[PDB]
Amino acid sequence: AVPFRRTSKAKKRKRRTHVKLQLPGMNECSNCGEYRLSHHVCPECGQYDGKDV
Amino acid sequence: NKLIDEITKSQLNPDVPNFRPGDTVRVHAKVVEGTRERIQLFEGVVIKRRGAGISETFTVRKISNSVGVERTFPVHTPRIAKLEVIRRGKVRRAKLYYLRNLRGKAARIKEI
Amino acid sequence: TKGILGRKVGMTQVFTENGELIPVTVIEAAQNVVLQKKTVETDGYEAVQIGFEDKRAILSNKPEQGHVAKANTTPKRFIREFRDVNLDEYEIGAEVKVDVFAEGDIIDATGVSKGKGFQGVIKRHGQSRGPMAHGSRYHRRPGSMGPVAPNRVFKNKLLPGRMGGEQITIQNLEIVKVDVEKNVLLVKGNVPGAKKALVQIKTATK
Amino acid sequence: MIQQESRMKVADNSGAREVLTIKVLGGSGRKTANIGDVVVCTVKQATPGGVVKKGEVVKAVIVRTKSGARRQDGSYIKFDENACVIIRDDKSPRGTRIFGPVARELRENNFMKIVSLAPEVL
Amino acid sequence: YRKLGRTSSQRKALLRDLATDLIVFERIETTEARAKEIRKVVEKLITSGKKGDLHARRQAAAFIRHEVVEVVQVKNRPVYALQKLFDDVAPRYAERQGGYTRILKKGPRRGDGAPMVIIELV
RNA sequence: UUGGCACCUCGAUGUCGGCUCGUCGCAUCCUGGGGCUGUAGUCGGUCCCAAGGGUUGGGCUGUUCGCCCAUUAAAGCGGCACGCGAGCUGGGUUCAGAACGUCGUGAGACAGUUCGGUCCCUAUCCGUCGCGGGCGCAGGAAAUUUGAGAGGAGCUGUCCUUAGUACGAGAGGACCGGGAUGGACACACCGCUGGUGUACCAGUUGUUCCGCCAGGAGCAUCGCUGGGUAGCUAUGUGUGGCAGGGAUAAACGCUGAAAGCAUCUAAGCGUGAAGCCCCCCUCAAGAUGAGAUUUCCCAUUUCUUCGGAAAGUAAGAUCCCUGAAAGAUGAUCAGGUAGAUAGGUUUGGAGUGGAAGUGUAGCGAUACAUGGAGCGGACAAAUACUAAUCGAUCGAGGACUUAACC
Ligand SMILES: CCC[C@@H]1C[C@@H](C(=O)N[C@@H]([C@H]2O[C@H](SC)[C@H](O)[C@@H](O)[C@H]2O)[C@@H](C)O)N(C)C1
Ligand SMILES: [Mg+2]
Ligand SMILES: [Mg+2]
Ligand SMILES: [Mg+2]
Ligand SMILES: [Mg+2]
Ligand SMILES: [Mg+2]
Ligand SMILES: [Mg+2]
Ligand SMILES: [Mg+2]
Ligand SMILES: [Mg+2]
Ligand SMILES: [Mg+2]
Ligand SMILES: [Mg+2]
Ligand SMILES: [Mg+2]
Ligand SMILES: [Mg+2]
Ligand SMILES: [Mg+2]
Ligand SMILES: [Mg+2]
Ligand SMILES: [Mg+2]
Ligand SMILES: [Mg+2]
Ligand SMILES: [Mg+2]
Ligand SMILES: [Mg+2]
Ligand SMILES: [Mg+2]
Ligand SMILES: [Mg+2]
Ligand SMILES: [Mg+2]
Ligand SMILES: [Mg+2]
Ligand SMILES: [Mg+2]
Ligand SMILES: [Mg+2]
Ligand SMILES: [Mg+2]
Ligand SMILES: [Mg+2]
Ligand SMILES: [Zn+2]
């Protein structure tokens, strides 16, 4: 039910070793020349990097 | 499954006539009594026909000595010498389970 | 002792000559090749390594290609070792057909059971529920974790957790039919795993 | 599929009309009795002037059940109700007549006198 | 099939609403889970449209919403979503076996990070 | 156990019985082995070895206990805070109400009874069960594995035969051996029998809607009702505890002195338990003691006086994307156009049970025909129609010593 002891700084920091974000999966487009998520449409060009819209 | 169809195909009894739930059938069932094999007639209404291929079963209901008896058979069992359709019933559904709660007159199936 | 690898196709039923009706599992076992023979001199134990199903090149790597090239065969989906075999039988690259078994042969079927995921003690360990009424607030729970004295829980207090996907051996299944042109075994009763599951059929240890 | 407290019609000529199952015989923790199994039972309803009387503790063989029986040929039999026949320690009925159909399983369990007396054996 | 955080009746209403939106607007932005369910339902409506007969029209009518798409003018009569499905949309997929929709991934929505997509006819 | 003492706890160590979950001891209830018997046989008695497994469901009472009914091979006795209330119950007890008997002048009280009476808590740590990430394992990889070590399993009835033999005056009635078939328990699986099956099919009520009719839709527990696919399932089905081996316990012996005999013991040989160790099933090299086999990649560039460093890569892996046989999430497995991975489409299938429209008959409700029709989630096969585009990221260059070949 309740913490028996306060958690130390070290123990708190160890617990947070895995609380982090991953870098987004992205790459530079050819037509745009700017970064985009793979398998997404590129807004810089304004369409899907390959398939024109 | 196409491979299970191919493997079981040889065990499909082609002598099996066309019957539906509601039909009155006479099952000529082989019966191994003591030592010598015997034919016991079981005549009743087909209550249910379920499953596919070699696994297809049907159930025949009769009232024997004022007690409902249901007999369920594999369609392709070789322990059925002959299955003859005695009369074609006019019913409105595939499973005649409502017959289990009806006795005489109320349990009559109209013939086609 | 003979052995083969097949996929579970599914279950059906067959009428025996007697007239009895038996449930069977259909095991398809096409494309079993002998890949490697392990000896006491080289590996420390006798075993024959059998590769089962053919696999597209782009699904195989160079290490795999190099290992099946020794047996002049294509990459294989499943590779398993058989111990207690006679290595004098089995040439490297030889096919292993389902006619190594005969109708009436008693076999052991080994496979991975179906995955049920996270399961409670009622389904996973067959424990009893608490009462559902009479004021009970104890239905599908694991029971006392143990006595007080040892200020801790003993090491096989059964609890919820991931359920199936374990290796299982069913012992003493009768082979009911062997169809070589279809590479099919019919085994009386059921064997572990979903449809399409690897099944290792070998001669009964007993 | 008969257990302790299951009631059964008595398919015979003895006084008993209805029995209550006290015990399935043949095993320390045996839950359920099927066609051809012997149960110990008490008589709950009796026919006035019958041989077997109300409150009597008797043995009975189950001769038909709603939970029926599977047969080796892959066929099944199910009846519309659960009935039993009161027997002696030798498998003979206390009554002289058996009423209603009776399952062929009795012949295999060696209840021959019952099978002979039955109007139909399915 | 997906439960989309909705009861059975709520989910049928949602599918009918989105299916009609895609037939009427020909391109809509929605969540990925919704789009992956909509493609199944819209492609079956277009199949009905291609079948073209009264029985198929009435199967579609049981599903499509009674929405006015436009008012065309001969007198000015409204065009209903069902009419657009059988006269405009279906006929333009007469030589295309299936695959009447496509889903373009867009990016996460600000207020809830929901992965948004364009689903469009073609 | 009934007690004695008052040492921990009164800034709380919840107290009876039951439920759930067990685990341990052996002073053994059953099953196994054995000695003695006032052991003819069948049954027993008593003692020794033995803790592997097993050890029932009800009636009464809050009960524990106990008596009883019916079984069973047997219905063991104890410990674990009289095991287990941050796991449950709350009938009893130990609160406020009320009443009876009784005691008390009374307020009230009990070697007593009776009816009623708030059971809180989001898990920090260790522990337990599952599941990932990191690094290690003197190069980097992909598979296949050995098994130190661990866990699981371990129960038992009845019938037939041997044989109405042995034994017995009869009555009765075996050992040992051989067979069959159960109970309970476990594991797997859904072909069967059933259950469920809220995006399957049908019937049907009320009311609202789709302009009306017809045909449909909404809401009423999925409105209700009758069925039901995949999946998940037990009450369903298959299978298991087979048969062994080694060493032993109690015990029985052989040979055999000490002790010219005798003596199973001192030297030395054998027999001999459901028990021990194997055998069977599962996990297992973080087994840092980091094992083995097969196969793959190779010795790159620029720096660093030096040791070493960093930066492109190889084999290979990942991100990302389509998913399910997998799944809380990670993971696992199937795929990513070197394409059937999913959706669609086409053809099937199960399932439902005869669509709409039209026609015919009927005054009509309705019936019949067209036509096993129409519909048909999740099942099957084909088909590249839609989407798995395009990218990126990580990932060796192998220390020293000695010996042996060489
Ligand atoms: C014969 C009994 C002996 C005493 C019992 C215990 C005690 O006082 N328990 C409290 C408990 O009350 C609640 S349980 C309702 C509390 O949650 C629990 O922690 C705890 O305080 C109460 C029942 O009296 N003492 C330490 C010794
Ligand atoms: Mg699963
Ligand atoms: Mg229970
Ligand atoms: Mg509850
Ligand atoms: Mg401790
Ligand atoms: Mg509703
Ligand atoms: Mg003192
Ligand atoms: Mg304190
Ligand atoms: Mg002892
Ligand atoms: Mg009571
Ligand atoms: Mg206590
Ligand atoms: Mg308690
Ligand atoms: Mg506690
Ligand atoms: Mg007075
Ligand atoms: Mg009270
Ligand atoms: Mg909790
Ligand atoms: Mg924690
Ligand atoms: Mg260790
Ligand atoms: Mg089933
Ligand atoms: Mg089913
Ligand atoms: Mg309505
Ligand atoms: Mg109308
Ligand atoms: Mg309303
Ligand atoms: Mg001597
Ligand atoms: Mg020995
Ligand atoms: Mg045993
Ligand atoms: Mg496929
Ligand atoms: Zn671009």
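Would you check if B:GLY44 is outside any loop (DSSP other than H, G, I, E, B), buried (at least 21 other Cβ atoms within 10 Å of the Cβ) and more than 10 Å from every other protein chain (Cβ to nearest Cβ)? So B:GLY44 passes the test.
On the stretch given as region B:47-62, residues that are surrounded by fewer than 16 Cβ atoms within 10 Å (Cβ to Cβ) and among the hydrophobic types (A, V, I, L, M, F, W, C) total 1.
Per the listing E:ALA90, E:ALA60, the residue uniquely surrounded by 12 or more Cβ atoms within 10 Å (Cβ to Cβ) and under 25 Å from A:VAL53 (Cβ atoms) is E:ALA90.
Taking each residue of region E:25-53 that is over 12 Å from E:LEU15 (Cβ atoms) and looking for partners that are outside any helix (DSSP H, G or I) and of a type in the set (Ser, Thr, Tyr) with beta-carbon atoms closer than 6 Å, six or more apart or interchain, yields E:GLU43/E:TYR100; E:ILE46/E:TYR100. The set of residues from region B:15-41 being within 9 Å of another protein chain (Cβ to nearest Cβ) and assigned to a loop (DSSP other than H, G, I, E, B) comprises just one member, B:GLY34.
Could you please let me know if C:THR169 is away from ligand 4 (no atom under 16 Å from the Cβ) and part of a strand (DSSP E or B)? It is true that C:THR169 is away from ligand 4 (no atom under 16 Å from the Cβ) and part of a strand (DSSP E or B).
Looking only at region B:47-83, which residues are more than 9 Å from every other protein chain (Cβ to nearest Cβ) and part of a loop (DSSP other than H, G, I, E, B)? Passing the criteria: B:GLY51, B:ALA52, B:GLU56, B:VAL75. Taking first residues from region B:1-14 that are facing chain C (nearest Cβ under 7 Å) and partners that are in a loop (DSSP other than H, G, I, E, B), the Cβ contacts under 9 Å between residues at least 6 apart in sequence or on separate chains come to B:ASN1/C:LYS195; B:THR8/B:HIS76; B:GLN11/B:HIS76; B:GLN11/B:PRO78.
For beta carbons closer than 7 Å, sequence separation of 6+ or different chains, a first residue in region A:35-53 that is under 23 Å from A:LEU23 (Cβ atoms) and in a loop (DSSP other than H, G, I, E, B) and a second that is more than 11 Å from RNA strand F (Cβ to nearest atom) and acidic (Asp, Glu), the qualifying pairs are A:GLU44/A:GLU34.
Would you pick out the residues in region B:84-101 that are away from chain D (no Cβ under 13 Å) and within 20 Å of D:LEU122 (Cα to Cα)? Within region B:84-101, B:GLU84 is the sole residue that qualifies.
One residue stands out among those in region E:7-39 that are of a type in the set (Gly, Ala, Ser) and either farther than 14 Å from E:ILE64 by Cβ or more than 16 Å from ligand 6 (Cβ to nearest atom) (or both): the one that is nearest to the other protein chains (Cβ to nearest Cβ), which is E:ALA35. From the list E:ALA81, E:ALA61, the one residue that fits, being more than 16 Å from ligand 4 (Cβ to nearest atom) and touching an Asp or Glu at 6+ places or on another chain (Cβ under 6 Å), is E:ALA81. Quick check on my filter: what residues within region C:176-206 are away from ligand 2 (no atom under 16 Å from the Cβ), out of contact with any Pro (no Cβ under 9 Å at 6 or more places or on another chain) and away from chain B (no Cβ under 14 Å)? Selection gives C:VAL191, C:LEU198, C:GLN200, C:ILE201, C:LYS202, C:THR203, C:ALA204, C:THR205, C:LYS206.
Test C:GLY130 against the stated conditions and say whether it is away from ligand 4 (no atom under 16 Å from the Cβ), among the small types (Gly, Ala, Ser) and surrounded by 11 or more Cβ atoms within 10 Å (Cβ to Cβ). The answer is no for C:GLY130. Residues of region C:100-115 that are farther than 15 Å from C:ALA29 by Cα and in a loop (DSSP other than H, G, I, E, B): C:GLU103, C:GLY104, C:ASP105, C:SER113, C:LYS114, C:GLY115. Can you say whether E:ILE103 is outside any helix (DSSP H, G or I) and surrounded by 16 or more Cβ atoms within 10 Å (Cβ to Cβ), as far as the supplied structure shows? No. Listed by position, the strands (runs of 3 or more DSSP E) contained in region C:1-83 that have at least 1 residues being away from chain D (no Cβ under 14 Å), more than 30 Å from B:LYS9 (Cα to Cα) and in contact with a strand residue (DSSP E or B) (Cβ under 9 Å, 6 or more places away or on another chain) are C:33-38, C:47-51, C:79-82.
For C:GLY120, the stated conditions do not hold, so it cannot be described as within 16 Å of ligand 2 (Cβ to nearest atom), surrounded by 12 or more Cβ atoms within 10 Å (Cβ to Cβ), at positive phi and more than 14 Å from every other protein chain (Cβ to nearest Cβ). Within region C:32-82, if we keep just the residues that are within 15 Å of C:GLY3 (Cα to Cα) and small (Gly, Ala, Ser), the residue that is surrounded by the most Cβ atoms within 10 Å (Cβ to Cβ) turns out to be C:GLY51.
Any read-out appearing in this document is the output of simple, stated calculations on the displayed coordinates, not a laboratory observation. Cβ atoms come from the backbone with ideal geometry, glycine included; neighbour counts cover every protein chain shown.
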